[PDB]
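For reference, coords_26.cif (mmCIF, C-alpha atoms and all ligand atoms):
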```cif
data_start
loop_
_atom_site.label_atom_id
_atom_site.label_comp_id
_atom_site.auth_asym_id
_atom_site.auth_seq_id
_atom_site.Cartn_x
_atom_site.Cartn_y
_atom_site.Cartn_z
CA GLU A 62 -10.51 -20.28 0.93
CA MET A 63 -8.68 -16.98 1.83
CA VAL A 64 -6.04 -17.37 -0.91
CA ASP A 65 -6.81 -15.30 -4.06
CA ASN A 66 -9.48 -13.23 -2.26
CA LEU A 67 -8.15 -9.92 -3.70
CA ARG A 68 -8.66 -8.40 -7.14
CA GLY A 69 -7.29 -5.14 -8.66
CA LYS A 70 -4.06 -3.42 -9.73
CA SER A 71 -1.55 -1.00 -8.20
CA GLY A 72 -2.87 1.98 -10.11
CA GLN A 73 -6.45 1.61 -8.84
CA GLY A 74 -6.09 -0.39 -5.64
CA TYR A 75 -6.64 -3.97 -4.53
CA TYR A 76 -10.03 -4.89 -3.11
CA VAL A 77 -11.72 -7.63 -1.10
CA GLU A 78 -15.38 -8.62 -1.12
CA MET A 79 -17.30 -7.63 2.02
CA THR A 80 -20.88 -7.47 3.21
CA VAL A 81 -22.49 -4.74 5.25
CA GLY A 82 -25.89 -4.67 6.95
CA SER A 83 -28.69 -7.13 7.64
CA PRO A 84 -29.69 -8.59 5.26
CA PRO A 85 -26.15 -8.53 3.81
CA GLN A 86 -25.26 -6.02 1.09
CA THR A 87 -22.23 -7.09 -0.98
CA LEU A 88 -19.59 -4.45 -1.73
CA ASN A 89 -16.00 -4.52 -2.99
CA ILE A 90 -13.69 -2.76 -0.55
CA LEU A 91 -10.20 -1.41 -1.24
CA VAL A 92 -7.64 -2.69 1.28
CA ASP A 93 -5.70 0.28 2.66
CA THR A 94 -2.89 -0.02 5.20
CA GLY A 95 -2.41 3.77 4.81
CA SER A 96 -5.59 4.85 6.60
CA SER A 97 -7.86 3.78 9.46
CA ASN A 98 -11.43 4.51 8.39
CA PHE A 99 -13.87 1.96 7.04
CA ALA A 100 -16.10 3.82 4.59
CA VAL A 101 -18.48 2.89 1.80
CA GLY A 102 -20.29 4.75 -0.98
CA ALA A 103 -23.76 5.32 0.47
CA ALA A 104 -25.34 7.47 -2.23
CA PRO A 105 -25.35 7.34 -6.04
CA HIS A 106 -22.20 8.39 -7.87
CA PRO A 107 -21.29 8.20 -11.58
CA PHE A 108 -18.46 5.69 -10.91
CA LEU A 109 -20.35 3.48 -8.41
CA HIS A 110 -22.07 0.32 -9.68
CA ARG A 111 -23.72 -0.11 -6.29
CA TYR A 112 -23.77 1.45 -2.83
CA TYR A 113 -24.70 0.92 0.81
CA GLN A 114 -28.42 1.44 1.44
CA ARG A 115 -28.77 2.14 5.15
CA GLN A 116 -32.60 2.13 5.05
CA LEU A 117 -32.55 -1.58 4.05
CA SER A 118 -30.41 -2.63 7.03
CA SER A 119 -32.27 -3.36 10.31
CA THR A 120 -28.96 -3.56 12.15
CA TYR A 121 -27.73 -0.11 11.11
CA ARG A 122 -27.24 2.34 13.98
CA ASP A 123 -26.73 6.08 13.22
CA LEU A 124 -24.04 7.68 15.42
CA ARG A 125 -25.36 11.19 14.64
CA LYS A 126 -21.93 12.50 13.69
CA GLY A 127 -20.38 13.55 10.39
CA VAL A 128 -16.86 12.77 9.24
CA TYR A 129 -14.49 14.22 6.62
CA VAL A 130 -11.46 12.26 5.36
CA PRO A 131 -8.79 13.72 3.06
CA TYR A 132 -6.19 11.45 1.45
CA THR A 133 -3.15 12.34 -0.64
CA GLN A 134 -5.48 11.56 -3.54
CA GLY A 135 -9.17 12.29 -3.11
CA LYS A 136 -11.46 13.14 -0.25
CA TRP A 137 -14.93 12.31 1.04
CA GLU A 138 -17.47 13.24 3.66
CA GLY A 139 -20.14 11.12 5.23
CA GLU A 140 -22.19 10.10 8.22
CA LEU A 141 -20.91 7.78 10.95
CA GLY A 142 -22.83 4.72 12.07
CA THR A 143 -22.31 1.07 12.98
CA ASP A 144 -23.53 -2.11 11.35
CA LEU A 145 -22.74 -5.78 10.94
CA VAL A 146 -19.87 -6.62 8.60
CA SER A 147 -18.64 -9.91 7.11
CA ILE A 148 -15.87 -10.97 4.72
CA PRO A 149 -17.20 -13.91 2.59
CA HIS A 150 -13.68 -15.12 1.64
CA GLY A 151 -12.05 -14.24 4.99
CA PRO A 152 -12.61 -15.57 8.51
CA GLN A 153 -16.22 -16.75 8.93
CA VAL A 154 -17.24 -14.19 11.50
CA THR A 155 -19.62 -11.24 11.68
CA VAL A 156 -18.60 -8.16 13.59
CA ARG A 157 -20.29 -4.89 14.44
CA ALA A 158 -18.04 -2.11 13.21
CA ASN A 159 -17.95 1.61 12.65
CA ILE A 160 -18.86 2.55 9.05
CA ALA A 161 -18.67 5.96 7.38
CA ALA A 162 -21.50 6.24 4.85
CA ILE A 163 -19.97 8.39 2.12
CA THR A 164 -22.50 10.96 0.89
CA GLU A 165 -20.20 13.30 -1.03
CA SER A 166 -16.73 12.89 -2.49
CA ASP A 167 -14.15 14.51 -4.73
CA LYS A 168 -11.71 12.58 -6.94
CA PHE A 169 -11.97 9.56 -4.62
CA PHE A 170 -13.98 6.97 -6.52
CA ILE A 171 -12.21 5.76 -9.69
CA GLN A 172 -14.07 4.96 -12.92
CA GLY A 173 -13.94 1.18 -13.67
CA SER A 174 -12.05 0.28 -10.46
CA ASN A 175 -14.76 -2.21 -9.33
CA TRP A 176 -14.67 -1.06 -5.69
CA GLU A 177 -17.24 0.91 -3.73
CA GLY A 178 -15.53 1.46 -0.37
CA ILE A 179 -12.28 1.48 1.57
CA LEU A 180 -10.97 -0.54 4.55
CA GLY A 181 -8.47 1.48 6.57
CA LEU A 182 -6.30 -1.17 8.27
CA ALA A 183 -3.99 1.23 10.18
CA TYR A 184 -4.31 2.32 13.81
CA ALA A 185 -6.84 4.48 15.67
CA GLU A 186 -4.35 7.35 16.02
CA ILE A 187 -4.99 8.40 12.40
CA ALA A 188 -8.73 7.66 12.34
CA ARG A 189 -11.10 10.56 11.67
CA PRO A 190 -12.75 12.42 13.38
CA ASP A 191 -10.32 11.29 16.10
CA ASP A 192 -8.81 8.16 17.77
CA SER A 193 -12.04 7.29 19.60
CA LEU A 194 -13.44 5.85 16.34
CA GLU A 195 -12.35 2.23 16.63
CA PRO A 196 -10.95 0.90 13.35
CA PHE A 197 -12.38 -2.24 11.77
CA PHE A 198 -9.49 -4.59 12.50
CA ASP A 199 -9.48 -3.58 16.20
CA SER A 200 -13.22 -4.42 16.34
CA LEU A 201 -12.60 -7.71 14.51
CA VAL A 202 -9.93 -8.69 17.04
CA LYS A 203 -11.95 -7.61 20.09
CA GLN A 204 -15.12 -9.41 19.00
CA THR A 205 -13.71 -12.65 17.58
CA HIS A 206 -10.88 -15.03 18.45
CA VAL A 207 -8.86 -13.82 15.41
CA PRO A 208 -5.14 -13.40 16.10
CA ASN A 209 -3.98 -9.78 15.90
CA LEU A 210 -2.20 -10.10 12.54
CA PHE A 211 -2.91 -9.98 8.82
CA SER A 212 -0.81 -10.43 5.73
CA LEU A 213 -1.00 -9.12 2.19
CA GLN A 214 0.22 -10.76 -1.01
CA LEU A 215 -0.39 -8.26 -3.81
CA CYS A 216 0.31 -9.69 -7.24
CA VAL A 231 -4.68 -8.36 -11.06
CA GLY A 232 -5.17 -10.27 -7.79
CA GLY A 233 -3.64 -11.57 -4.58
CA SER A 234 -4.52 -12.51 -1.04
CA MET A 235 -5.30 -10.99 2.31
CA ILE A 236 -4.86 -13.56 5.07
CA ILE A 237 -6.46 -12.50 8.32
CA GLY A 238 -5.22 -13.97 11.55
CA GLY A 239 -2.17 -15.72 10.20
CA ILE A 240 0.58 -16.48 7.77
CA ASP A 241 0.09 -18.78 4.78
CA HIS A 242 3.41 -20.47 3.99
CA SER A 243 2.23 -21.34 0.46
CA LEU A 244 2.35 -17.58 -0.35
CA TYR A 245 6.10 -17.08 0.11
CA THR A 246 9.53 -18.67 -0.26
CA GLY A 247 12.73 -18.21 1.78
CA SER A 248 12.78 -16.41 5.14
CA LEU A 249 10.53 -13.71 6.65
CA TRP A 250 12.53 -10.67 7.76
CA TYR A 251 10.96 -8.28 10.28
CA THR A 252 11.23 -4.54 10.73
CA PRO A 253 9.77 -2.82 13.82
CA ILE A 254 6.62 -0.77 13.67
CA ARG A 255 8.16 2.39 15.06
CA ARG A 256 4.89 4.00 16.15
CA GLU A 257 1.34 2.66 15.98
CA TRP A 258 -0.44 5.21 13.83
CA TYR A 259 0.43 4.57 10.23
CA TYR A 260 2.44 1.37 9.77
CA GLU A 261 5.55 3.45 10.33
CA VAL A 262 8.95 1.86 9.62
CA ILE A 263 12.58 3.06 9.31
CA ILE A 264 14.75 2.89 6.15
CA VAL A 265 18.49 2.83 7.00
CA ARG A 266 20.07 2.70 3.51
CA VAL A 267 19.12 3.04 -0.16
CA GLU A 268 21.11 1.61 -3.07
CA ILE A 269 20.60 1.85 -6.81
CA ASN A 270 22.39 -1.01 -8.60
CA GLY A 271 24.43 -1.60 -5.46
CA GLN A 272 25.61 2.00 -5.22
CA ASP A 273 24.73 3.77 -1.96
CA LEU A 274 22.86 7.09 -2.29
CA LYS A 275 25.19 8.30 0.52
CA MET A 276 22.77 10.45 2.49
CA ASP A 277 22.28 10.83 6.21
CA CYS A 278 19.80 8.01 6.83
CA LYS A 279 17.33 10.36 8.56
CA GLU A 280 16.67 11.89 5.11
CA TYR A 281 15.10 8.57 4.02
CA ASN A 282 12.53 8.92 6.82
CA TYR A 283 11.85 12.62 6.59
CA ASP A 284 9.34 13.01 8.22
CA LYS A 285 8.10 9.42 8.42
CA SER A 286 8.21 6.24 6.31
CA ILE A 287 5.04 4.16 5.92
CA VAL A 288 3.85 0.88 4.34
CA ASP A 289 0.75 1.79 2.39
CA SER A 290 -1.22 -0.65 0.21
CA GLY A 291 -3.58 2.22 -0.71
CA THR A 292 -0.92 4.30 -2.50
CA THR A 293 0.28 3.08 -5.95
CA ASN A 294 3.84 4.43 -6.02
CA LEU A 295 7.07 4.29 -4.08
CA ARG A 296 7.02 7.90 -2.91
CA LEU A 297 10.25 9.48 -1.64
CA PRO A 298 11.13 12.73 0.23
CA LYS A 299 12.20 15.37 -2.33
CA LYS A 300 15.94 15.11 -1.58
CA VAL A 301 15.90 11.32 -1.81
CA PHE A 302 13.69 11.37 -4.90
CA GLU A 303 16.05 13.77 -6.72
CA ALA A 304 19.08 11.63 -5.84
CA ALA A 305 17.30 8.39 -6.84
CA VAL A 306 16.27 9.76 -10.22
CA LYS A 307 19.82 10.97 -10.93
CA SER A 308 21.16 7.49 -10.21
CA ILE A 309 18.46 5.70 -12.25
CA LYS A 310 19.03 8.09 -15.19
CA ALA A 311 22.74 7.38 -15.04
CA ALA A 312 22.20 3.58 -15.00
CA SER A 313 19.75 3.78 -17.90
CA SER A 314 21.67 6.44 -19.91
CA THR A 315 21.88 4.19 -22.99
CA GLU A 316 18.37 5.59 -23.66
CA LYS A 317 17.16 9.12 -22.94
CA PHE A 318 13.64 9.84 -21.78
CA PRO A 319 11.67 13.06 -21.52
CA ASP A 320 11.59 14.95 -18.23
CA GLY A 321 7.82 14.29 -18.11
CA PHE A 322 8.52 10.56 -17.83
CA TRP A 323 10.67 11.03 -14.71
CA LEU A 324 7.93 13.19 -13.17
CA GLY A 325 5.18 10.56 -13.84
CA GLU A 326 3.41 12.90 -16.26
CA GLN A 327 3.91 10.85 -19.41
CA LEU A 328 4.33 7.29 -20.59
CA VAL A 329 7.35 5.59 -22.03
CA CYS A 330 6.48 3.06 -24.76
CA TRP A 331 8.31 0.28 -26.58
CA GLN A 332 7.26 -2.06 -29.37
CA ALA A 333 5.34 -4.91 -27.72
CA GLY A 334 7.65 -7.43 -26.07
CA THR A 335 10.84 -5.35 -26.40
CA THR A 336 10.94 -3.42 -23.12
CA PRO A 337 14.67 -3.06 -22.26
CA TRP A 338 14.45 -4.20 -18.64
CA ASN A 339 18.21 -4.73 -18.40
CA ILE A 340 19.03 -1.00 -18.88
CA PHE A 341 17.13 -0.16 -15.65
CA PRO A 342 18.75 -0.71 -12.24
CA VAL A 343 17.61 -2.63 -9.20
CA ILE A 344 16.67 -0.54 -6.16
CA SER A 345 17.46 -1.83 -2.65
CA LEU A 346 15.72 -0.46 0.41
CA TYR A 347 17.38 -1.48 3.67
CA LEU A 348 14.94 -1.68 6.57
CA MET A 349 15.78 -1.46 10.24
CA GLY A 350 16.14 -4.90 11.83
CA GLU A 351 14.91 -6.12 15.19
CA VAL A 352 18.48 -6.00 16.63
CA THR A 353 20.66 -2.88 17.07
CA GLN A 354 22.40 -1.70 13.88
CA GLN A 355 21.22 -4.72 11.92
CA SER A 356 19.11 -4.46 8.78
CA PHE A 357 17.83 -6.44 5.83
CA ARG A 358 17.12 -5.34 2.27
CA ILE A 359 14.25 -5.69 -0.12
CA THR A 360 15.21 -5.39 -3.76
CA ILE A 361 12.88 -3.86 -6.35
CA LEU A 362 13.21 -4.65 -10.10
CA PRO A 363 12.15 -2.31 -12.90
CA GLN A 364 9.23 -4.65 -13.53
CA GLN A 365 7.93 -3.23 -10.23
CA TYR A 366 8.73 0.49 -10.53
CA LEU A 367 7.74 0.85 -14.22
CA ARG A 368 3.99 0.40 -13.95
CA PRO A 369 2.30 -0.91 -17.08
CA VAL A 370 -0.61 1.18 -18.35
CA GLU A 371 -3.12 -1.03 -20.21
CA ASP A 372 -4.74 0.74 -23.13
CA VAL A 373 -6.09 -0.99 -26.23
CA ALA A 374 -5.29 2.21 -28.20
CA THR A 375 -1.54 1.96 -27.46
CA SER A 376 -1.43 -1.83 -27.65
CA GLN A 377 1.00 -2.13 -30.57
CA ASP A 378 3.38 -1.17 -27.72
CA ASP A 379 3.92 -1.84 -24.03
CA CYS A 380 3.68 1.52 -22.21
CA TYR A 381 4.70 2.35 -18.64
CA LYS A 382 4.55 5.07 -16.03
CA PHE A 383 7.48 5.70 -13.74
CA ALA A 384 5.99 4.68 -10.36
CA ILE A 385 8.55 6.41 -8.12
CA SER A 386 7.48 9.95 -7.24
CA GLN A 387 8.19 12.79 -4.86
CA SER A 388 6.60 13.34 -1.47
CA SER A 389 6.50 16.19 1.03
CA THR A 390 5.03 13.88 3.73
CA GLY A 391 7.77 11.22 3.95
CA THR A 392 8.41 7.91 2.24
CA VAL A 393 5.40 5.87 1.14
CA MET A 394 6.12 2.25 0.32
CA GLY A 395 3.10 1.73 -1.92
CA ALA A 396 1.69 -1.14 -3.90
CA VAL A 397 4.49 -1.26 -6.53
CA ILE A 398 6.91 -2.01 -3.64
CA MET A 399 4.56 -4.51 -1.93
CA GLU A 400 3.89 -6.41 -5.17
CA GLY A 401 5.97 -9.59 -5.30
CA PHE A 402 6.52 -9.62 -1.52
CA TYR A 403 4.49 -11.31 1.13
CA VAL A 404 3.98 -8.65 3.74
CA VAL A 405 2.97 -9.57 7.28
CA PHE A 406 1.38 -6.88 9.44
CA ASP A 407 2.22 -8.46 12.78
CA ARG A 408 0.36 -6.06 15.02
CA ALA A 409 0.66 -8.45 17.99
CA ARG A 410 4.47 -8.11 17.93
CA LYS A 411 4.63 -4.54 16.57
CA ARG A 412 6.59 -5.56 13.48
CA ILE A 413 6.22 -5.96 9.70
CA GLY A 414 7.60 -9.01 7.96
CA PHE A 415 8.78 -9.20 4.35
CA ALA A 416 9.39 -12.33 2.25
CA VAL A 417 9.69 -13.09 -1.44
CA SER A 418 6.19 -13.79 -2.76
CA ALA A 419 5.00 -16.85 -4.64
CA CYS A 420 4.05 -14.24 -7.32
CA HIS A 421 7.52 -12.61 -7.30
CA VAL A 422 8.99 -10.66 -10.19
CA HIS A 423 12.01 -11.94 -12.00
CA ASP A 424 13.22 -12.38 -15.52
CA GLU A 425 16.03 -14.78 -16.47
CA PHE A 426 18.73 -12.43 -15.09
CA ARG A 427 17.42 -10.92 -11.85
CA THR A 428 14.93 -11.70 -9.08
CA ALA A 429 13.40 -9.51 -6.35
CA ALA A 430 14.84 -10.43 -2.98
CA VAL A 431 14.52 -10.07 0.77
CA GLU A 432 17.94 -10.72 2.32
CA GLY A 433 20.10 -10.17 5.35
CA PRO A 434 21.51 -9.58 7.79
CA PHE A 435 23.51 -6.44 7.20
CA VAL A 436 25.41 -4.53 9.88
CA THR A 437 26.29 -0.84 10.09
CA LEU A 438 29.18 0.80 11.95
CA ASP A 439 27.43 4.19 12.21
CA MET A 440 25.31 4.29 15.39
CA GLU A 441 22.97 7.05 14.18
CA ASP A 442 19.23 6.57 14.80
CA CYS A 443 17.63 6.83 11.36
CA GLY A 444 14.25 7.94 12.70
CA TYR A 445 13.47 11.54 11.98
CA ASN A 446 11.18 12.07 15.02
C1 LIG B 1 -4.89 3.54 -5.52
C2 LIG B 1 -5.23 4.88 -6.16
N1 LIG B 1 -3.99 5.55 -6.49
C3 LIG B 1 -3.44 6.39 -5.49
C4 LIG B 1 -3.97 6.57 -4.22
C5 LIG B 1 -3.35 7.42 -3.32
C6 LIG B 1 -3.90 7.61 -1.97
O1 LIG B 1 -3.99 8.74 -1.50
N2 LIG B 1 -4.32 6.48 -1.33
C7 LIG B 1 -5.10 6.55 -0.12
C8 LIG B 1 -6.31 5.65 -0.26
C9 LIG B 1 -7.03 5.83 -1.56
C10 LIG B 1 -7.29 4.73 -2.37
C11 LIG B 1 -7.94 4.88 -3.58
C12 LIG B 1 -8.33 6.13 -3.99
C13 LIG B 1 -8.08 7.23 -3.19
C14 LIG B 1 -7.43 7.09 -1.97
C15 LIG B 1 -4.20 6.22 1.08
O2 LIG B 1 -4.95 6.14 2.30
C16 LIG B 1 -3.15 7.29 1.36
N3 LIG B 1 -2.39 6.89 2.55
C17 LIG B 1 -1.74 8.01 3.26
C18 LIG B 1 -0.60 8.59 2.44
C19 LIG B 1 -2.75 9.07 3.64
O3 LIG B 1 -2.92 10.10 2.99
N4 LIG B 1 -3.44 8.77 4.78
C20 LIG B 1 -4.52 9.67 5.21
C21 LIG B 1 -5.70 8.84 5.65
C22 LIG B 1 -6.84 9.68 6.17
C23 LIG B 1 -6.34 10.41 7.40
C24 LIG B 1 -5.19 11.33 7.01
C25 LIG B 1 -4.05 10.55 6.36
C26 LIG B 1 -2.21 8.13 -3.67
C27 LIG B 1 -1.69 7.96 -4.94
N5 LIG B 1 -0.53 8.71 -5.29
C28 LIG B 1 -0.63 10.14 -5.18
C29 LIG B 1 -1.46 10.82 -6.04
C30 LIG B 1 -1.54 12.20 -5.92
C31 LIG B 1 -0.81 12.86 -4.96
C32 LIG B 1 0.01 12.16 -4.10
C33 LIG B 1 0.10 10.78 -4.21
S1 LIG B 1 0.76 8.10 -6.19
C34 LIG B 1 0.36 8.51 -7.86
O4 LIG B 1 1.95 8.85 -5.81
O5 LIG B 1 0.73 6.66 -6.03
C35 LIG B 1 -2.30 7.10 -5.83
#
```
As a first step, turn the structure in this file into structure tokens.
Ligand SMILES: CCNc1cc(C(=O)N[C@@H](Cc2ccccc2)[C@H](O)CN[C@@H](C)C(=O)NC2CCCCC2)cc(N(c2ccccc2)S(C)(=O)=O)c1
Amino acid sequence: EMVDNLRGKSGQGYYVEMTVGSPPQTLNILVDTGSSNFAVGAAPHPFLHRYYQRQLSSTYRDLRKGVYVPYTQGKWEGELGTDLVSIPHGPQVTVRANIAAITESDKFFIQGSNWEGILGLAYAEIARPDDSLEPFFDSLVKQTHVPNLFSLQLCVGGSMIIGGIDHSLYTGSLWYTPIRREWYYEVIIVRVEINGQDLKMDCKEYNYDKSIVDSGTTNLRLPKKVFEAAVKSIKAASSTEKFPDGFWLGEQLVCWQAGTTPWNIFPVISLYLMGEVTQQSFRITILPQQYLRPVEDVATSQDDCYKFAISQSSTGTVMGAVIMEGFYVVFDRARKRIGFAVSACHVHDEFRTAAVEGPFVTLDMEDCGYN
């Protein structure tokens, strides 16, 4: 009943059906591990099919406080309150939770995305206005018996499993990396390889100034230095074809005659994550089918066209949806760790498969955390 409860794509977000208020108002809500506010469109907007009508909910309580939330893409402002919330295809519970009723926004809502709100699944430390606004999942755990864990299989569609791990959603072993600090889902990258060749940087550079696991961001985003080095290595591996600079910056598409995308000219990318034991790690391996994001457009449909879904960041590494796709990712809040396994909807062709493998050991005793 919880399997296949997500819909959406990397480019516009994955969303789960929820209800808010009494009687229940159905809304589609984007699942975002990169923020901590639960918010819903609560006034008309050109891109909203529907919105939260507070006047129709007898259980709504106004908190008499405004809130402003800026993301890397988009921003909104609204009014804080609480109300009853359910998840039809999740655990069969009703919880009273904080809700931001979005009354104005800028470049937040996306035309044709099919979602009307956002579920920030990260910790109170990054909630707005401040950490006294209890996030939804904290409320869910406090008010119900639900174990303090959820998992995401992003495949479009996929699954969010609340309170547990569904073995039918992965194969092989789950490998865990520590949550370094409970704010974002902050992790530590210890090594990066492109087609098995080490980028050969001080590992702190990979985590400058943090590294996060963020289902709400489309791309793998990398600190400038790491991004520049990664692109150089990917260009070199793929040098049998030459692409415009705009492609490498994510500003223009690359297109091939339908069915002829040359996957084998593009390298695999391995991100090594800190293990749960000193100087041990494991790797997750990303295929080009993950980091070249298809852009569906009937107009270009004589071809398959893609955007390069690795991009630069000035706020640290963001392991976005294109990285999470094809892995089963367990947000094990109870044990302050994040587990990765190969997903039942993994990417592969006949030559290569995405992987989660270990253990690996390092001689260098440097702490890779930036601080
Ligand atoms: C899914 C829509 N595509 C997209 C979204 C975001 C993004 O900012 N996602 C936020 C949620 C969201 C979802 C849908 C529409 C708009 C926004 C995430 O919460 C961001 N998480 C972190 C990084 C964050 O900013 N947390 C905030 C939370 C509030 C408190 C303060 C911290 C970034 C980029 N990408 C992008 C686009 C433009 C510029 C930079 C990145 S991309 C193209 O690189 O994937 C692309």
*List the residues sitting within 9 Å of (9.6, -18.9, -0.4) in the file's frame, using only C-alpha atoms, as a ChimeraX atom specification.*
/A:242-249,416-419
*Got a sec to check which residues lie within 8 Å of ligand LIG 1 (chain B), using all atoms listed in the file, and send them as a PyMOL selection string?*
chain A and resi 71-75+91+93-98+130-136+168-171+179+181+187-189+259+287+289-296+325+384-388+390+393+395
Please, could you write that set of residues out with C-alpha atoms as a compact mmCIF listing (two decimals), in the coordinates of the input?
```txt
# COMPACT_ATOMS: atom_id res chain seq x y z
CA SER A 71 -1.55 -1.00 -8.20
CA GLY A 72 -2.87 1.98 -10.11
CA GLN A 73 -6.45 1.61 -8.84
CA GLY A 74 -6.09 -0.39 -5.64
CA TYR A 75 -6.64 -3.97 -4.53
CA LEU A 91 -10.20 -1.41 -1.24
CA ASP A 93 -5.70 0.28 2.66
CA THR A 94 -2.89 -0.02 5.20
CA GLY A 95 -2.41 3.77 4.81
CA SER A 96 -5.59 4.85 6.60
CA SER A 97 -7.86 3.78 9.46
CA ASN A 98 -11.43 4.51 8.39
CA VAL A 130 -11.46 12.26 5.36
CA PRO A 131 -8.79 13.72 3.06
CA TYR A 132 -6.19 11.45 1.45
CA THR A 133 -3.15 12.34 -0.64
CA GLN A 134 -5.48 11.56 -3.54
CA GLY A 135 -9.17 12.29 -3.11
CA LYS A 136 -11.46 13.14 -0.25
CA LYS A 168 -11.71 12.58 -6.94
CA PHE A 169 -11.97 9.56 -4.62
CA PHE A 170 -13.98 6.97 -6.52
CA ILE A 171 -12.21 5.76 -9.69
CA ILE A 179 -12.28 1.48 1.57
CA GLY A 181 -8.47 1.48 6.57
CA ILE A 187 -4.99 8.40 12.40
CA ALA A 188 -8.73 7.66 12.34
CA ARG A 189 -11.10 10.56 11.67
CA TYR A 259 0.43 4.57 10.23
CA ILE A 287 5.04 4.16 5.92
CA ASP A 289 0.75 1.79 2.39
CA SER A 290 -1.22 -0.65 0.21
CA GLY A 291 -3.58 2.22 -0.71
CA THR A 292 -0.92 4.30 -2.50
CA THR A 293 0.28 3.08 -5.95
CA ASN A 294 3.84 4.43 -6.02
CA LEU A 295 7.07 4.29 -4.08
CA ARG A 296 7.02 7.90 -2.91
CA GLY A 325 5.18 10.56 -13.84
CA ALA A 384 5.99 4.68 -10.36
CA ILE A 385 8.55 6.41 -8.12
CA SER A 386 7.48 9.95 -7.24
CA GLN A 387 8.19 12.79 -4.86
CA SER A 388 6.60 13.34 -1.47
CA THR A 390 5.03 13.88 3.73
CA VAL A 393 5.40 5.87 1.14
CA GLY A 395 3.10 1.73 -1.92
```
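Proximity ranking of A:298, A:233, A:84, A:196 relative to residue 421 (chain A) places A:233 first, based on all atoms listed in the file.
Nearest residue to residue 353 (chain A), choosing from A:167, A:273, A:441, A:425 and counting all atoms listed in the file: A:441.
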*Any idea what's packed within 8 Å of residue 323 (chain A), counting all atoms listed in the file, ignoring anything in its chain fewer than 5 positions away? Could you give it as a ChimeraX atom specification?*
/A:306,318,383
Within 8 Å of region 329-347 of chain A, which residues of region 237-322 of chain A come that close, and what is the closest atom pair and distance in Å for each? Count all atoms listed in the file and give it as JSON lines.
```
{"residue": "A:264", "atom": "CA", "partner": "A:347", "partner_atom": "CA", "distance": 5.7}
{"residue": "A:265", "atom": "CA", "partner": "A:347", "partner_atom": "CA", "distance": 5.6}
{"residue": "A:266", "atom": "CA", "partner": "A:347", "partner_atom": "CA", "distance": 5.0}
{"residue": "A:267", "atom": "CA", "partner": "A:346", "partner_atom": "CA", "distance": 4.9}
{"residue": "A:268", "atom": "CA", "partner": "A:345", "partner_atom": "CA", "distance": 5.0}
{"residue": "A:269", "atom": "CA", "partner": "A:344", "partner_atom": "CA", "distance": 4.6}
{"residue": "A:270", "atom": "CA", "partner": "A:343", "partner_atom": "CA", "distance": 5.1}
{"residue": "A:271", "atom": "CA", "partner": "A:345", "partner_atom": "CA", "distance": 7.5}
{"residue": "A:309", "atom": "CA", "partner": "A:342", "partner_atom": "CA", "distance": 6.4}
{"residue": "A:312", "atom": "CA", "partner": "A:342", "partner_atom": "CA", "distance": 6.2}
{"residue": "A:313", "atom": "CA", "partner": "A:340", "partner_atom": "CA", "distance": 4.9}
{"residue": "A:314", "atom": "CA", "partner": "A:340", "partner_atom": "CA", "distance": 8.0}
{"residue": "A:315", "atom": "CA", "partner": "A:340", "partner_atom": "CA", "distance": 7.2}
{"residue": "A:318", "atom": "CA", "partner": "A:329", "partner_atom": "CA", "distance": 7.6}
{"residue": "A:322", "atom": "CA", "partner": "A:329", "partner_atom": "CA", "distance": 6.6}
```
For region 131-191 of chain A against region 235-238 of chain A, with a cut-off of 10 Å and counting all atoms listed in the file, what is the closest atom pair and its distance in Å to one decimal for every residue that makes the cut, ordered by chain and number, as JSON lines?
```
{"residue": "A:150", "atom": "CA", "partner": "A:235", "partner_atom": "CA", "distance": 9.4}
{"residue": "A:151", "atom": "CA", "partner": "A:237", "partner_atom": "CA", "distance": 6.7}
{"residue": "A:152", "atom": "CA", "partner": "A:237", "partner_atom": "CA", "distance": 6.9}
```
*State, in Å with one decimal place, the distance from CA of residue 399 (chain A) to CA of residue 373 (chain A).*
26.8 Å
_Excluding residue 83 (chain A) and its own-chain neighbours fewer than 5 positions away, which residues fall within 6 Å of it when counting all atoms listed in the file? Please give them as a PyMOL selection string._
chain A and resi 118-120
_Between CA of residue 161 (chain A) and CA of residue 101 (chain A), what is the distance in Å, rounded to a tenth?_
6.4 Å
*What does the distance from CA of residue 142 (chain A) to CA of residue 164 (chain A) come to in Å, to one decimal?*
12.8 Å
